[PDB]
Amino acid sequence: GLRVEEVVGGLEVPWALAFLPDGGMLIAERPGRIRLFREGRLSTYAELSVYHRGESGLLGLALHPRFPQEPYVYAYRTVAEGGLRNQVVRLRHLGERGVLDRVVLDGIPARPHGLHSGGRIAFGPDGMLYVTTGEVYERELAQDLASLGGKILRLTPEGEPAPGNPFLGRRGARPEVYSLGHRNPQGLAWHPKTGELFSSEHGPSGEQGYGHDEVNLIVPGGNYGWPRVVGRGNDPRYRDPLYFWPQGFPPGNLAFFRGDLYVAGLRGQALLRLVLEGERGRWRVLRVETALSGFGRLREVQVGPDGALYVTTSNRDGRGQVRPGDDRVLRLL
């Protein structure tokens, strides 16, 4: 049994967390504010102009692998100035505040409705920047190697296509693409033992079928089926998910904690624990258990430097029930 304790509340859709080496904590609020929680006080680290409609705005957040030597905080945001699109930007760290440094990758698909913008970013064991993107409700983008939408991208911290990427030599293909065939993926997590990448993504919603949200084991160049395939199939061209909920469980981020894979649930309003059995390249879920419930919609989930599991609530994202002090950062054990 995991014990919960509230770290801080009153936040508006805390999409991602970043743990500063000195103990502080950066919190990305979808409306466009990056908050700093330190010594029991909440302050504004930075304010960024964003397009906050639908599921868009200020989404993923990640510190440079060599932070603070390389004083840089990365953020994924939907912007409208000069044209509506998603992008990954970088801010220069000044201690208690951050200021826009430059755009790292621009032109990721976005639409006026603000739906399916993806947004999860994180630096992997290889030191590269991984970025999830949605197909903005134009499902065919996911299968289009020429589109940055419905993909998982991999870049160097400077924004260049990562060396060794799967489509580096092909004409008509975006060299930034790591994997394709993804609807709206928002999770990124690496298995501590194998280094394998796992991702979570929302399945169809009266959008070609209901439920079938999933957790995928991401391999370089892998095509995860959307929109050609929903759930599992017999087609070897498209990789089946490690697990999927035929009755839908729309997922937030996911993280490895104590040998198990935890998945934050948004509509399901719960934190699920996936018990795995297998080895590199051969995993399967033995059983699924509820690790947390009674706190509403859950979106971000990360293991902190203290070894504790941090989770954020999403009750104020327009699809939940807002209650006093809502949208907290919770610490489990």
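Start at 1 and count along the sequence shown; that's the residue number.
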Mean Cα B-factor check, 25 to 33 vs 62 to 70, entry values; winner is 62 to 70
Taking the deposited Cα B-factors and averaging over 126 to 134 and over 161 to 169, the higher mean is found in 161 to 169
Residue set 275, 50, 301, 270, per-entry CA B-factor max assigned to 275
Scanning 118, 109, 203, 221 for peak Cα temperature factor in the entry gives 203
Tertile call for residue 56 (CA temperature factor, within chain, third-based) is the lowest
Split the chain's modelled residues into thirds by Cα B-factor; residue 325 lands in the highest
Tertile call for residue 266 (CA temperature factor, within chain, third-based) is the lowest
Sorting the chain's modelled residues by C-alpha B-factor and splitting them into thirds places residue 187 in the lowest
Residue 243: CA temperature factor from the record, placed by chain third, in the middle
